[PDB]
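Engineer: Sharing a structure with you now.
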Protein chains: 4
Amino acid sequence: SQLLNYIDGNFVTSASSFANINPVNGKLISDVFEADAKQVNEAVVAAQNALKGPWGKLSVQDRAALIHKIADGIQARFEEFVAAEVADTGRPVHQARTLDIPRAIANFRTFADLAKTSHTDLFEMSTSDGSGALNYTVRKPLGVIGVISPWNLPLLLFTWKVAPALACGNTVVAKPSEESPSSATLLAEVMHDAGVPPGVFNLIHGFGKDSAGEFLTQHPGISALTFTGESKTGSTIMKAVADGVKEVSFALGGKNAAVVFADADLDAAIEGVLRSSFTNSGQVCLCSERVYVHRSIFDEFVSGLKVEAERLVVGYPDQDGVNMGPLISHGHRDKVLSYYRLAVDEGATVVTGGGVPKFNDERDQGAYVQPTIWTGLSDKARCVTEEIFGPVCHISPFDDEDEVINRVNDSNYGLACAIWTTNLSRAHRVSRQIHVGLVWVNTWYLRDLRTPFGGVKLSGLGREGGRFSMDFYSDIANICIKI
Amino acid sequence: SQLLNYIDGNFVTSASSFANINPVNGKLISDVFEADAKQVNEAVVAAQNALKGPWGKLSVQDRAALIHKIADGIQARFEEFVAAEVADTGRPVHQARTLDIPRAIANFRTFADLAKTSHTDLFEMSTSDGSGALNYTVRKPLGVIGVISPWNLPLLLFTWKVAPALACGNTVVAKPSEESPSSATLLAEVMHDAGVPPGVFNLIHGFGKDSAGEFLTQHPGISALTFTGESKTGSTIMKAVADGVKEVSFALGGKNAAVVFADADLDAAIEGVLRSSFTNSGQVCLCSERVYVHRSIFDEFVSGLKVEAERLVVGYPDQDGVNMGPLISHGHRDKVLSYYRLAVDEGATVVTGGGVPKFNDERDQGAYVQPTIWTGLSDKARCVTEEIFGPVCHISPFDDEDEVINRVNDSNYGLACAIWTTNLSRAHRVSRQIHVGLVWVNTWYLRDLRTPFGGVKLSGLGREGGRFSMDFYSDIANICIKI
Amino acid sequence: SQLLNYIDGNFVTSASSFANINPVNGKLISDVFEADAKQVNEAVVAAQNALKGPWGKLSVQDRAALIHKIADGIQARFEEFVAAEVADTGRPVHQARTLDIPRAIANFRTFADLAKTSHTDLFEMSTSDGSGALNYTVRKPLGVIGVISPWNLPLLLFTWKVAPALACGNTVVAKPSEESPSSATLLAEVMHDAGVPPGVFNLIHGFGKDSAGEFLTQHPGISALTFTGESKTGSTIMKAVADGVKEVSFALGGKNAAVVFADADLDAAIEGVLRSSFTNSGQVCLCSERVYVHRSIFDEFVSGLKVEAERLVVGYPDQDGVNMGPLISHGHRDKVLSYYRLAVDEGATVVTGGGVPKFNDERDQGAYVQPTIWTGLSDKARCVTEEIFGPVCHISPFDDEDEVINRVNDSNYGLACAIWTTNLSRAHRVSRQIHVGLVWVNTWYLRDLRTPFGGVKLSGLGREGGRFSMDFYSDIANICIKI
Amino acid sequence: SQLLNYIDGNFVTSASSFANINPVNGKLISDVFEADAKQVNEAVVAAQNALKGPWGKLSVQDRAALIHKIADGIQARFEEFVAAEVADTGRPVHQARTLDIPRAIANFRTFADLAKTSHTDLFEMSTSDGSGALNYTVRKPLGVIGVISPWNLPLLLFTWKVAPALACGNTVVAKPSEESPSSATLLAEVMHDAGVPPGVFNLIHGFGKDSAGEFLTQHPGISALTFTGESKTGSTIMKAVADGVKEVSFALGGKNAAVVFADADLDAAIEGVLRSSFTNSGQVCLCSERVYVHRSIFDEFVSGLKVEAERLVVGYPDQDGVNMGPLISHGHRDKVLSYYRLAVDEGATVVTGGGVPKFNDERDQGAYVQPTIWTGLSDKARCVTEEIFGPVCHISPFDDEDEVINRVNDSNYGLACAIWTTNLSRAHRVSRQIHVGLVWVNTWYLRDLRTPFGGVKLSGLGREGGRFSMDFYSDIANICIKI
Ligand SMILES: NC(=O)c1ccc[n+]([C@@H]2O[C@H](COP(=O)([O-])OP(=O)(O)OC[C@H]3O[C@@H](n4cnc5c(N)ncnc54)[C@H](O)[C@@H]3O)[C@@H](O)[C@H]2O)c1
Ligand SMILES: NC(=O)c1ccc[n+]([C@@H]2O[C@H](COP(=O)([O-])OP(=O)(O)OC[C@H]3O[C@@H](n4cnc5c(N)ncnc54)[C@H](O)[C@@H]3O)[C@@H](O)[C@H]2O)c1
Ligand SMILES: *C(=O)/C=C/C=C(\O)C(=O)O
Ligand SMILES: *C(=O)/C=C/C=C(\O)C(=O)O
Ligand code: NA
Ligand code: NA
Ligand code: NA
Ligand code: NA
């Protein structure tokens with residue numbers, strides 16, 4: 001299989017391809033053509049021009065309707081999309097069918113809907129001559145949106161950015177992860193078949209540094225760069241767009257805590273932390289790699305979680321009650337296994353996991369690791385502080401409400417946090433004191449697409465979601481009429 | 001006069017001092033103690049700590065009441081602030097009495113009011129178990145706000161940032177321009193006398209590079225850097241804070257155009273462009289340095305603007321009928337004059353000005369220049385494309401509406417634009433097509449502080465004003481409760 | 001037996017039937033079963049019970065999807081709705097295809113979308129004990145919405161109420177005009193086939209006083225009454241529901257002015273006033289029956305309008321080039337001719353029309369009248385102050401801006417006004433001074449469904465449209481949590 | 001003491017006067033002049049004219065400043081307002097000093113602030129000709145606001161209506177309860193002294209039927225009637241303004257429940273129900289006259305409440321530790337006692353109270369009753385369904401959560417509800433299911449002035465507070481410009 005770039009309405013190859021690997025079994029699944037600096041410039045110029053074409057002339061309602069057709073296009077090829085994400089990543093067919101693909105569709109539907117309903121402001125004012133003035137605001141396309149997306153939730157995170165971008169009338173140059181190029185390529189076909197004017201959506205394959213990612217980033221023709229990924233990659237990008245003073249939107253992961261209070265529903269919290277630690281094999285930026293549990297229930301909690309964790313099925317995406325697939329890649333497994341060892345060096349008790357499963361088949365050539373639970377490390381340990389991005393969590397006891405708040409907040413990251421308690425006063429009091437963008441109480445990763453989404457400190461900059469996306473992906477202009 | 005730093009509730013000197021010069025006559029007004037890296041550190045640390053003190057326990061209404069007291073205090077020392085601003089900058093006293101100090105009061109009052117009125121959002125959602133969930137959002141203090149302000153509208157631009165910062169419950173470390181430190185130092189006194197808690201507001205004096213400005217910018221204890229200034233400085237600051245992924249808010253350079261259509265009120269437009277080109281001696285980021293005038297009225301408009309410009313009184317701040325003061329400094333005058341000769345070299349006709357007035361008194365040791373009008377340059381001339389930030393404009397004819405829209409927009413800047421026309425459709429049709437953040441029709445620099453303010457391209461990123469400031473100077477947190 | 005009621009998911013007949021007449025030729029179209037008190041009761045109880053059924057259990061997303069299905073259902077039977085509308089009202093077939101039916105569908109689509117986008121508010125407050133409290137608001141179904149609709153834009157106005165009613169989770173009992181029950185009956189079928197649960201949407205036919213309308217009005221089981229129609233009927237309805245303190249929403253009569261300034265595009269204004277006076281044979285609450293023209297263009301405006309008026313083709317709905325159909329009924333024709341005679345007795349000059357066309361075919365049995373223009377009446381003439389609701393306007397000269405504002409405003413009505421001018425300041429300066437709910441400048445009846453729609457004085461109470469409808473059709477509840 | 005009307009800038013007497021009685025001891029406090037129909041007409045006409053005077057030329061900022069001046073003037077006479085409120089009604093001095101007078105002040109300041117911050121909307125749209133259109137809304141004064149207020153919270157409720165009315169630039173004709181005329185008369189003094197232009201604020205005294213109140217409602221010159229009070233009185237008013245189609249805003253009766261769940265903080269719940277039943281001697285529309293307590297804690301709850309209720313000090317407004325003053329009047333006491341008798345007749349157990357205290361001093365000539373608790377009545381007893389408006393509650397056990405929801409909602413009223421529970425889920429799950437406008441969890445009558453305030457069913461129509469008042473007291477107008 002070969003995955004081409006999509007530039008100015010044409011699928012094109014490059015002067016260099018690269019392997020896309022299935023991490024279930026290490027087998028090559030396709031050659032991906034790597035866009036070069038020339039092709040990137042070509043994509044940007046084409047997106048700039050397309051702003052002055054038919055796309056630019058579309059009414060908000062026709063634009064929305066076309067976006068709903070992009071979404072219809074995905075629905076009609078649903079299983080081809082499921083297959084595509086599964087292949088690239090190893091994610092369980094069930095996850096892909098219920099989480100990834102439906103959310104990608106909902107992204108386009110939600111922001112199309114918003115594009116139609118959203119409105120702006122009127123401000124009246126008095127003036128010395130007694131005639132007054134009117135200020136009104138409008139939202140306009142920001143211009144060319146640069147999109148650089150990660151491998152963990154490929155289509156979901158790709159469309160999270162492309163959808164509001166197009167809904168706001170922008171054009172897009174989008175660079176998916178080298179590891180997960182398939183679903184995006186399919187989207188490009190959907191765009192094309194749906195009659196999205198050429199130059200409106202441009203797909204470019206490649207890597208970061210000295211490759212398509214960097215080139216997009218250094219290109220003066222774009223108006224914004226929105227990115228989800230590694231915090232130091234965010235910092236790099238920010239420096240790159242600085243001379244052009246481009247608008248930036250970053251969601252940059254973290255080291256999230258779950259907190260379980262003594263008055264929690266223990267069984268729900270055990271199940272809740274299982275999901276928050278090991279979903280997508282712990283390759284979500286929202287996952288809890290840190291857990292704090294009240295001393296009075298620490299041992300019981302750890303016990304039940306170990307039990308539930310060892311019940312998880314690690315195998316083929318289509319395997320029966322499968323719960324976990326592999327890591328994205330071998331490189332990523334090597335980093336994760338590297339932390340596995342560091343955890344021991346650091347004094348950790350390994351409650352469960354700590355290595356890789358054994359298959360004695362093709363999967364042994366994959367990139368699987370085991371769900372892991374550590375105990376007994378210091379709050380200052382590297383394993384408790386640095387983001388691992390694997391199916392791992394360290395559990396630690398706490399005694400006081402203010403103590404644990406202080407411990408959750410003592411981090412250079414602050415994306416999300418999950419809190420377990422049945423007490424009303426407690427839930428609201430504690431929630432407002434956690435220094436993150438996103439709190440969940442008695443649940444995790446529940447997403448209403450209208451809400452502001454993002455992080456504090458190293459975990460990001462700006463917010464996306466609902467009107468926050470409508471604002472970020474638009475020029476806000478103020479028009480003042482003297483009367 | 002001696003201008004001290006204000007750090008953790010105390011006025012402090014530093015090891016080194018620099019001179020504050022009166023641009024009217026080149027005389028020394030005061031010595032200004034330069035904060036060093038260690039003092040910058042103390043200010044940041046005090047500000048972090050102040051967030052955990054009494055300031056952090058104030059209700060929103062009590063916080064607002066204290067902010068109104070700050071504003072009362074400025075009011076009570078109104079003429080001192082006027083004299084301070086005038087001393088530093090040479091601005092006409094009547095401008096300081098009607099624009100500068102009044103706006104600085106209004107900034108505090110408006111954001112104190114928004115602090116009390118502003119609310120957040122509630123989103124209900126359905127879930128699988130049929131019980132649903134609530135998402136609600138809150139605004140919290142972002143933390144410590146780094147403010148770095150320019151010399152052109154010292155107290156106005158300073159308080160424009162400090163007012164919302166405080167209103168949103170942050171603490172502040174603020175560095176006013178080395179050219180214009182007096183009114184900020186006075187403001188510190190008002191802060192102290194109003195009983196603002198120690199560490200909440202901190203004033204550090206100095207320069208940019210290798211000085212208080214850069215130290216502030218590099219300090220990891222800050223949560224945000226808000227800046228109005230040269231766009232190249234903005235880029236530098238963006239790079240400096242990138243490793244911390246600090247929130248940023250930039251209002252930067254302009255090369256703003258005024259457009260005068262055939263159906264304009266010609267006298268009103270002449271008076272209008274007079275003000276937009278030469279207000280504050282052209283030292284406003286909003287000034288018009290490019291002027292496009294319909295062919296059929298070009299010659300008359302140019303003749304009218306020449307006469308009106310030659311009528312401008314350039315002189316002392318309290319001189320009868322004075323319209324224009326000097327430039328901020330000799331250094332800035334060197335730059336302006338350099339453009340003045342470059343314009344000749346690029347082939348400009350000098351309709352008026354082009355040099356420095358001769359007073360034959362102490363003002364000759366000052367930093368005055370003449371209001372200056374050019375004609376005859378191409379749209380590619382450096383003098384038509386680069387920000388001068390002096391009392392200057394180039395005037396060029398046009399024939400067609402779409403033609404002029406494209407010429408205005410053909411720029412790496414995009415801050416503001418003023419349009420002159422008596423035609424209803426024209427005002428609205430043209431304004432929405434200008435690629436800037438701010439348009440005025442039949443007026444200029446009319447400000448409603450609730451409006452979103454800011455630029456596109458090199459002219460900035462982000463918006464401030466009204467709820468845009470309430471969002472930028474706050475952590476926006478989403479709290480999701482499973483029911 | 002032709003047009004049945006639709007109660008609790010079944011079409012049902014009644015004890016008495018009445019005739020539906022085609023106003024093109026006076027011929028009987030259908031027999032309509034008049035709901036009696038018992039049946040009105042049955043409808044309300046069933047709507048009451050439906051709230052406690054699966055309709056009550058839908059998530060906002062599923063409820064929206066269902067509403068979109070109702071729209072799809074109307075779309076699938078587009079031509080049948082056209083024929084139904086045309087039959088009852090005599091409206092030109094092209095108007096039905098481009099205005100009436102498309103707007104009915106748009107009504108459902110818009111409010112379905114808003115149901116999904118709309119959110120509510122979060123207010124934080126401090127409390128004596130220093131722990132604070134939260135207030136959040138929610139929208140819930142108000143309950144059973146009683147809908148009483150008029151005959152002039154039958155399906156458009158019917159669905160303008162039903163769409164938001166259903167979108168906010170209410171159930172409905174709706175009574176269409178005795179003159180135009182067909183398209184509403186067809187909607188009931190669409191609702192049945194779409195699977196809308198029984199009790200959710202109920203259709204009852206009949207008259208006002210001593211009939212289905214009155215009884216709906218007097219039933220204590222409804223939660224609100226929303227009504228479009230005559231003013232005196234609004235008053236009657238307001239009194240009827242008073243003992244129950246039911247929520248009310250009224251758009252009533254108007255005696256709307258168009259104002260034409262000397263700087264208007266004269267050709268566009270003539271065409272504009274031709275449409276605002278004669279569209280739907282002048283049977284729209286937004287029609288202009290008063291017209292004020294600046295003296296310098298009066299004679300020419302009048303001559304222009306007369307010519308264009310006499311071009312209008314009055315005839316069959318499917319007649320080649322037809323512009324105007326008949327009036328709704330013979331009884332309405334008699335009212336309109338009563339004013340046509342009064343205008344003469346009051347001294348009017350009849351510029352054109354003033355009687356009934358003679359067709360020498362079945363149309364002479366229908367209810368046609370001529371498009372009429374009067375001149376020469378005083379501002380206090382009855383024909384100039386009372387709503388006629390036919391295809392007529394009086395044209396009067398004016399001289400001064402403040403004069404014409406006062407004359408427009410001197411009315412017990414205040415629904416809408418149209419202003420023609422090319423001057424920017426004038427447009428905004430004058431529009432804000434007109435005492436109505438709706439102003440159009442250089443156009444007429446341009447409708448954005450997000451906008452607040454309603455009148456002042458006798459022309460109504462409350463606003464509908466956008467969030468105004470989402471508010472009126474919902475219980476707004478504040479919930480305050482002590483922390 | 002003499003209490004005059006204030007009409008068109010002048011205090012005036014009337015042909016007839018009536019007595020204002022102190023309910024503590026039954027003594028004459030003052031003579032009140034009853035406005036006749038001629039004088040009401042004079043007030044409304046002056047109010048209409050005032051809209052065209054200087055009041056109408058004030059900028060929003062200036063109008064706001066003047067309203068803050070009104071508030072200052074009350075603050076400067078703080079204790080005279082305390083004395084006036086206490087004299088009229090017998091309320092405890094501490095309640096007047098902490099709730100009543102401070103709220104009146106906060107009313108004016110809140111709405112003054114909102115006047116300055118509030119803005120409106122901008123809606124862009126496409127058109128067939130491709131040029132587009134824009135819609136913008138504005139808020140303007142509605143006109144003359146009729147205000148009719150009750151005696152239970154005289155200045156709080158009076159200024160709750162007058163503040164937003166003025167803040168929205170309206171003029172006012174206001175009629176306080178004949179039982180509590182004093183504070184409103186002092187406010188007329190403050191208005192005069194503050195320079196409020198003549199006709200802007202008019203104070204008329206008297207009764208309802210055949211007196212000033214009725215005449216107000218019948219006057220065609222008013223634009224709206226806002227009213228708080230008895231439900232049947234709301235109905236009578238709604239009918240009276242029906243012919244004019246005036247805007248109406250009603251907060252009316254309630255028979256509010258408190259619900260104590262088994263997981264409640266039992267002592268906090270007992271204190272909270274004590275306050276919600278007996279504050280202001282049970283004379284708040286928001287008081288809980290029905291109480292439901294889970295079976296498992298019912299006996300302990302009732303014992304506890306008995307004890308705390310018998311601790312209450314009933315007596316003089318400035319008496320040491322006084323909890324309750326008298327009822328407003330002997331007539332009102334007659335009503336409440338007849339309900340005391342009915343409760344016994346209906347089978348109630350009198351847990352405490354049930355009569356009148358014996359003072360053996362001048363308070364025996366006052367209108368006091370005992371705080372009263374009943375038990376053992378059915379949900380259909382008159383004393384459980386009808387509003388008594390005195391210091392009483394009936395307590396009933398429940399078993400099931402859905403059961404108690406149904407029981408609370410089984411009412412023709414629906415003003416407020418208070419729920420006691422420490423459980424997170426329960427607070428949010430149950431609160432959204434209560435059919436009222438206002439829910440409190442673990443508190444009572446905690447008021448954020450920005451929130452929507454009102455009732456459902458017989459308990460009112462519409463909402464006030466925050467933007468809801470800003471909309472009700474304004475013409476909302478949509479202005480549509482074709483471009
Ligand atoms: N927070 C998240 O959701 C998230 C997602 C993916 C990866 N990560 C973190 O990052 C690591 C893996 O990510 P990665 O190394 O594959 O890439 P990366 O996370 O740093 O970045 C993701 C995307 O950015 C692009 N990119 C990388 N470097 C760039 C550069 N210098 N300029 C422009 N674009 C660039 C890549 O092509 C890729 O598509 C993990 O260890 C994990 O901790 C976090
Ligand atoms: N606001 C508008 O757009 C509009 C629409 C139609 C008619 N009108 C005016 O009304 C005049 C008369 O026409 P109409 O009699 O059909 O209008 P109408 O307002 O009296 O009746 C309209 C609707 O209300 C119902 N109704 C009438 N009386 C009622 C009552 N007492 N209680 C409850 N429901 C009642 C009717 O059956 C119908 O459904 C027209 O001449 C015109 O001036 C205004
Ligand atoms: C730049 O020269 C001026 C900036 C002005 C503002 O930011 C303002 O608030 O008016
Ligand atoms: C009255 O005759 C017209 C009312 C029109 C509407 O309500 C509409 O939504 O277009
Ligand atoms: Na791969
Ligand atoms: Na200086
Ligand atoms: Na008919
Ligand atoms: Na009294």
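A note on labels: chains of the structure tokens are A, B, ... as shown, every chain counts residues from 1, and ligands are counted from 1 in their shown order.
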If we count only C-alpha atoms, which residues of chain D reach to within 8 Å of chain B? Please list them as number ranges by chain.
Structural biologist: D: 113-114, 117, 131, 424-426, 428-429, 450, 482-483
Engineer: From stretch 180-317 of chain A, collect each residue whose DSSP state is alpha helix (DSSP H) and return the set as a PyMOL selection string.
Structural biologist: chain A and resi 182-194+212-218+231-240+266-278+298-310
Engineer: Let's have the selection written as a PDB file, in the first residue's frame, with C-alpha atoms.
Structural biologist:
```
ATOM      1  CA  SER A 182      -3.439   6.111   6.928  1.00  0.00           C
ATOM      2  CA  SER A 183      -6.759   7.504   8.197  1.00  0.00           C
ATOM      3  CA  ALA A 184      -5.637  11.007   7.126  1.00  0.00           C
ATOM      4  CA  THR A 185      -4.925   9.828   3.602  1.00  0.00           C
ATOM      5  CA  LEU A 186      -8.381   8.331   3.456  1.00  0.00           C
ATOM      6  CA  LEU A 187      -9.814  11.657   4.659  1.00  0.00           C
ATOM      7  CA  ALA A 188      -8.093  13.338   1.727  1.00  0.00           C
ATOM      8  CA  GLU A 189     -10.052  10.924  -0.567  1.00  0.00           C
ATOM      9  CA  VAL A 190     -13.240  11.805   1.189  1.00  0.00           C
ATOM     10  CA  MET A 191     -12.429  15.510   0.832  1.00  0.00           C
ATOM     11  CA  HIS A 192     -11.717  14.932  -2.831  1.00  0.00           C
ATOM     12  CA  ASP A 193     -14.845  12.869  -3.518  1.00  0.00           C
ATOM     13  CA  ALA A 194     -17.018  15.292  -1.633  1.00  0.00           C
ATOM     14  CA  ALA A 212       7.674  18.430   6.283  1.00  0.00           C
ATOM     15  CA  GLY A 213       6.748  19.328   9.897  1.00  0.00           C
ATOM     16  CA  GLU A 214       9.587  21.752  10.290  1.00  0.00           C
ATOM     17  CA  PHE A 215       9.024  23.230   6.773  1.00  0.00           C
ATOM     18  CA  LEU A 216       5.311  23.924   7.430  1.00  0.00           C
ATOM     19  CA  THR A 217       6.413  25.513  10.672  1.00  0.00           C
ATOM     20  CA  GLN A 218       8.981  27.827   9.041  1.00  0.00           C
ATOM     21  CA  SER A 231       5.848  19.690  25.282  1.00  0.00           C
ATOM     22  CA  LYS A 232       9.420  20.290  24.056  1.00  0.00           C
ATOM     23  CA  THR A 233       8.193  19.924  20.447  1.00  0.00           C
ATOM     24  CA  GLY A 234       5.682  22.692  21.329  1.00  0.00           C
ATOM     25  CA  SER A 235       8.480  24.898  22.512  1.00  0.00           C
ATOM     26  CA  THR A 236      10.437  24.208  19.343  1.00  0.00           C
ATOM     27  CA  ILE A 237       7.457  25.115  17.175  1.00  0.00           C
ATOM     28  CA  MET A 238       6.787  28.282  19.159  1.00  0.00           C
ATOM     29  CA  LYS A 239      10.355  29.465  18.461  1.00  0.00           C
ATOM     30  CA  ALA A 240       9.982  28.533  14.807  1.00  0.00           C
ATOM     31  CA  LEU A 266     -14.138   2.159  45.658  1.00  0.00           C
ATOM     32  CA  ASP A 267     -15.225  -0.237  42.945  1.00  0.00           C
ATOM     33  CA  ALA A 268     -16.083   2.601  40.552  1.00  0.00           C
ATOM     34  CA  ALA A 269     -12.733   4.248  41.287  1.00  0.00           C
ATOM     35  CA  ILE A 270     -10.835   1.018  40.745  1.00  0.00           C
ATOM     36  CA  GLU A 271     -12.565   0.629  37.407  1.00  0.00           C
ATOM     37  CA  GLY A 272     -12.139   4.351  36.687  1.00  0.00           C
ATOM     38  CA  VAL A 273      -8.394   4.339  37.310  1.00  0.00           C
ATOM     39  CA  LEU A 274      -7.943   1.182  35.298  1.00  0.00           C
ATOM     40  CA  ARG A 275      -9.404   3.005  32.314  1.00  0.00           C
ATOM     41  CA  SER A 276      -7.575   6.251  32.956  1.00  0.00           C
ATOM     42  CA  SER A 277      -4.184   4.429  33.332  1.00  0.00           C
ATOM     43  CA  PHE A 278      -4.364   1.821  30.538  1.00  0.00           C
ATOM     44  CA  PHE A 298      -4.675   2.314  49.889  1.00  0.00           C
ATOM     45  CA  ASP A 299      -3.991  -1.431  50.249  1.00  0.00           C
ATOM     46  CA  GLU A 300      -7.492  -2.508  49.263  1.00  0.00           C
ATOM     47  CA  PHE A 301      -7.360  -0.167  46.209  1.00  0.00           C
ATOM     48  CA  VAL A 302      -4.006  -1.405  45.013  1.00  0.00           C
ATOM     49  CA  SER A 303      -5.155  -5.015  45.457  1.00  0.00           C
ATOM     50  CA  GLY A 304      -8.286  -4.676  43.384  1.00  0.00           C
ATOM     51  CA  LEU A 305      -6.498  -2.720  40.665  1.00  0.00           C
ATOM     52  CA  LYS A 306      -3.783  -5.347  40.363  1.00  0.00           C
ATOM     53  CA  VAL A 307      -6.535  -7.950  40.018  1.00  0.00           C
ATOM     54  CA  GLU A 308      -8.406  -5.919  37.367  1.00  0.00           C
ATOM     55  CA  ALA A 309      -5.188  -5.057  35.601  1.00  0.00           C
ATOM     56  CA  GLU A 310      -4.130  -8.682  35.310  1.00  0.00           C
TER      57      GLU A 310
END
```
Engineer: Using only C-alpha atoms and all ligand atoms, which residues have at least one atom no more than 6 Å from ligand 7? Output them as number ranges by chain.
Structural biologist: C: 20-22, 88-89, 179-180
Engineer: Counting only C-alpha atoms and all ligand atoms, name the residues that have an atom within 6 Å of an atom of ligand 1; the answer should be given as number ranges by chain.
Structural biologist: A: 148-152, 176-178, 207-209, 213-214, 217, 228-230, 233, 236-237, 252-253, 284-285, 387-389
Engineer: In Å, how far is it from atom CA of residue A:440 to atom CA of residue A:297?
Structural biologist: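 Result for atom CA of residue A:440 versus atom CA of residue A:297: 20.8 Å, one decimal.
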